[PDB]
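Worksheet: one structure, shown below.
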Amino acid sequence: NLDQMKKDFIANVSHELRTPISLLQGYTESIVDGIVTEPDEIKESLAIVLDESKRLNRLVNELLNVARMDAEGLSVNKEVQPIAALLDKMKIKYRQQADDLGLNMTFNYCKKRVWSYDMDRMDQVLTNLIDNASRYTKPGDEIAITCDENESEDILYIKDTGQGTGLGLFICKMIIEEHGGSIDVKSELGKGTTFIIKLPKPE
Amino acid sequence: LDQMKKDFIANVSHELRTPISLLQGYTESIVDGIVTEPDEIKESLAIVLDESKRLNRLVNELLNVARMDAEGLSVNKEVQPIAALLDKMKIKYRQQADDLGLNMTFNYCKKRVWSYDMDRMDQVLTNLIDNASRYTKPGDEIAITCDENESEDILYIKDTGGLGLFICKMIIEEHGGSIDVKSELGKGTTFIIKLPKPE
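Chain order of the listed sequences is W and E.
Reading the first sequence from the start, the letters are residues 355 to 516, 543 to 583 in full-length UniProt numbering.
Reading the second sequence from the start, the letters are residues 356 to 516, 546 to 583 in full-length UniProt numbering.
Structure representation (structure tokens):
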């Protein structure tokens with residue numbers, strides 16, 4: 355039923371991208387065709403144009419990450435390497451967008467831990483999870499990534515204080557399972573959501 | 356083919372970035388009070404409008420290709436006229452043919468029943484017309500015409516000018561048909577689709 359998931363994802367994505375385009379087109383045309391005229395209304399219109407343009411950028415980057423994840427398939431080549439190297443990439447990648455969205459992003463208790471993972475594939479996974487949290491969050495919210503371990507497994511928590545579709549998270553689950561690991565989620569309609577990634581310790 | 360898809364996404368990433376950067380940058384200069392004089396704002400919003408149209412065209416072309424890949428080789432031909440398909444194309448590209456200054460002509464196609472999967476052929480014709488739209492300029496023409504040989508129905512897509549085309553070929557071959565391409569550098573390209581007659 356992967357095929358149907360892909361169809362429903364594409365259907366949902368089409369709507370989510372067309373809507374912001376139709377909105378910033380209509381507001382722009384409204385100004386250039388002389389329908390909106392009052393300075394306050396021109397300014398409110400342009401603020402929406404800018405907001406929709408930023409939302410489109412975020413939607414497009416999220417979709418392309420899902421596309422790359424899918425195109426790379428199940429190819430996982432784990433290397434023993436610090437987990438902090440991956441989290442530091444996530445930290446620079448989302449530094450500006452966290453500013454923009456008013457989000458506090460934290461990376462906690464991971465210093466000097468050496469894990470076994472595929473950097474490029476886990477980048478794709480963490481991108482999709484952060485992208486997901488960034489959808490459902492508001493200014494003043496937090497996205498906290500925390501490391502832990504049990505006797506056989508390294509553990510990453512991604513927590514936020516926050543058919544259509546699940547594909548992104550379903551591909552994430554496949555990549556993690558190809559690491560020999562697991563992913564679970566807990567969500568409360570209070571508080572927010574936590575993803576739990578477990579990966580086998582380096583042998 | 357994994358490198359075809361990887362190369363397509365890389366190309367798509369590059370082409371989407373430009374218009375999105377322009378929309379955001381040229382708008383923000385106005386909201387932040389950097390670009391202020393009426394002449395100036397007019398020229399900036401013309402760019403935003405033009406780039407929003409470009410983005411939309413690109414997004415629709417990409418999602419069509421995604422839908423095509425997602426349905427794989429699923430073809431269920433149904434016996435029905437072709438004019439139903441070409442009517443949807445005419446509607447779907449009416450506004451875009453203005454935006455780009457293109458003349459899209461659809462010759463008369465007698466309403467004999469063809470045999471074809473509407474949604475897969477819609478996808479195919481969308482991709483071929485999208486393709487022609489990116490190799491033309493204002494003034495140019497895209498003309499769709501129907502023909503027949505003894506055992507096949509023939510659609511010609513000719514204009515006066546990767547992965548998408550490859551999947552088009554797969555879909556047409558699953559109809560039991562064939563796709564060919566002809567091009568005289570300068571004059572333009574002709575795609576030739578042959579489908580088995582129903583009867």
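Note that the Cβ used here is the ideal one computed from N, Cα and C, for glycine as well.
Top-ranked residue by Cα proximity to residue i, from the options
i, options, result
"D357/W", "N458/W, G546/W, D454/W, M473/W", "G546/W"
"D485/W", "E416/W, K361/W, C464/W", "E416/W"
"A421/E", "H559/E, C552/E, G560/E", "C552/E"
"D362/W", "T460/E, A425/E, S488/E", "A425/E"
"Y471/E", "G427/E, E558/E, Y448/E, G456/E", "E558/E"
"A438/E", "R467/E, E383/E, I512/E", "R467/E"
"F575/W", "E583/W, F550/W, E395/W", "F550/W"
"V414/E", "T382/E, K397/E, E370/E", "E370/E"
"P582/W", "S567/W, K566/W, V565/W, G561/W", "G561/W"
"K578/W", "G516/W, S488/W, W469/W, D514/W", "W469/W"
"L480/W", "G516/W, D394/W, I512/W", "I512/W"
"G427/E", "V565/E, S567/E, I563/E, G548/E", "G548/E"
"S368/W", "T391/E, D514/E, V403/E, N419/E", "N419/E"
"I402/W", "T491/E, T382/E, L457/E, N366/E", "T382/E"
"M459/E", "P436/E, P493/E, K360/E", "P493/E"
"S488/E", "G456/E, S399/E, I555/E", "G456/E"
"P580/E", "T515/E, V565/E, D508/E", "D508/E"
Within-8 Å CB hit, residue i to chain E
i, result
"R422/W", "yes"
"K447/W", "no"
"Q543/W", "no"
"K578/W", "no"
"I551/W", "no"
Chain W contact residues for residue i, given Cβ-Cβ distances below 9 Å
i, result
"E558/E", "Per Cβ cutoff of 9 Å: no residues; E558/E is ~16 Å from chain W at best."
"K361/E", "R422, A425, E426"
Short CB-CB distance (under 8 Å) between residue i and chain W
i, result
"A487/E", "no"
"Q379/E", "yes"
"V414/E", "yes"
"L410/E", "yes"
"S470/E", "no"
"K397/E", "yes"
"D453/E", "no"
"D394/E", "no"
"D357/E", "yes"
Beta-ladder partner(s) of residue i, from DSSP
i, result
"residue 338/E", "Because chain E spans 356 through 583 in this model, residue 338/E falls outside it and cannot be assessed."
"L579/W", "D508/W"
"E395/W", "None, per the DSSP bridge assignment."
"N458/E", "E496/E"
"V565/W", "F575/W"
"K513/W", "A498/W, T574/W"
"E557/W", "Paired residues: none, contrary to the question."
"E503/E", "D508/E"
Residue i: contacting residues in chain W (beta-carbon distance under 8 Å)
i, result
"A401/E", "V386"
Residue i beta carbon near the ligand PLP (any heavy atom closer than 7 Å)
i, result
"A498/E", "With respect to small molecules bound, the structure shown includes none, and the ligand PLP cannot be examined in it."
Residue i: contacting residues in chain W (beta-carbon distance under 7 Å)
i, result
"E383/E", "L404"
Proximal chain E residues relative to residue i, where beta-carbon distance stays under 8 Å
i, result
"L418/W", "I364, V367, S368, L371"
"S562/W", "Those do not exist, as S562/W stays about 26 Å from chain E at its closest Cβ, beyond 8 Å."
"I375/W", "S407, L410, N411, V414"
Cutoff 8 Å: residue i Cβ touching any chain C Cβ
i, result
"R422/W", "In the displayed structure, chain C is absent; the protein chains listed are W and E."
At a cut of 8 Å, does the stretch 500-510 of chain W reach the stretch 378-393 of chain E through at least three beta carbon pairs? Contact fails: fewer than three Cβ-Cβ distances are below 8 Å.
Does the stretch 557-573 of chain E touch the stretch 442-459 of chain E, meaning 3 or more C-beta pairs lie closer than 8 Å? The stretch 442-459 of chain E and the stretch 557-573 of chain E do not touch, with fewer than 3 CB-CB distances between them shorter than 8 Å.
Just checking, does the stretch 426-433 of chain E make contact with the stretch 465-477 of chain E on the three C-beta pairs under 8 Å criterion? A contact exists between the stretch 426-433 of chain E and the stretch 465-477 of chain E.
Taking contact to mean 3 or more Cβ pairs, one atom from each stretch, closer than 8 Å, check whether the stretch 488-497 of chain W and the stretch 447-465 of chain W are in contact. For the pair of segments examined, the stretch 488-497 of chain W was found to touch the stretch 447-465 of chain W: the number of CB pairs separated by less than 8 Å reaches three.
Spell out a yes or no on whether the stretch 400-411 of chain E and the stretch 375-382 of chain W are touching, meaning 3 or more CB-CB pairs, one atom from each, closer than 8 Å. Three or more beta-carbon pairs drawn from the stretch 400-411 of chain E and the stretch 375-382 of chain W are found closer than 8 Å, and the two stretches are therefore classed as touching.
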